[PDB]
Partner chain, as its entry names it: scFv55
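For reference, the chain that follows is the form solved without the partner chain, supplied as structure tokens.
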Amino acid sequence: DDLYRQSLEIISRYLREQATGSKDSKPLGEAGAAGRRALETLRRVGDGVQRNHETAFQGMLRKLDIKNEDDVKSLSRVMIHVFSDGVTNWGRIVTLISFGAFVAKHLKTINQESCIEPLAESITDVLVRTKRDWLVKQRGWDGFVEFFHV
């Protein structure tokens, strides 16, 4: 429960600042101690993932053809299917969130800023609900910060 809210805040803040072209955001009270360092790490690693995988991200975004809220809702099916296929690791978790930021930037360009918070919830549901046991074993977001040790 606490992990869900903490994850939702980190993911929501990162998607929102990526879409508005911001490098920071105010804490919303649910991310706690680990929140600041997690978002700082996610900005570093996440920005890098979007840069290094830009052609693949542009290709997939185009194929997904996201124009509105109904299209955003439809993403959860493929999101859970792809994210559940294969190994669990921090690298894949960053790819999931980074693609979310890449989609959020797209949503802002097409005046669909209202879809960003629903998308963050979609991503948080997939991440936390399918990886809760693994996240607990890694000490969640403290594990994330330590793994990348930026």
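Residue numbers count along the first chain shown, from 1.
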122-130 or 15-23, whichever carries the higher mean Cα B-factor
15-23
Taking the mean of the C-alpha B-factors per stretch from the entry, tell me the winner out of 31-39 and 48-56.
31-39
Quick one: which of 63, 106, 81, 92 has the biggest Cα B-factor according to the entry?
63
Compare the C-alpha B factor of residue 8 with those of the other modelled residues in its chain, then answer lowest, middle or highest third.
lowest
B-factor third for the C-alpha atom of residue 98 within its chain
lowest
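We do not show the form deposited with the partner chain bound, though everything after this point is about it.
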Verify the flagged residues 12, 23 and 108 against the partner chain in the bound PDB entry: is each one within 4.5 Å by a non-hydrogen atom?
no
Although the partner chain is absent from this view, report whether residue 17 comes within 4.5 Å of it in the bound PDB entry, heavy atoms only.
no
Residue by residue through 127-142, tell me which have a non-hydrogen atom within 4.5 angstroms of the partner chain in the bound PDB entry.
136, 137, 138, 139, 140, 142
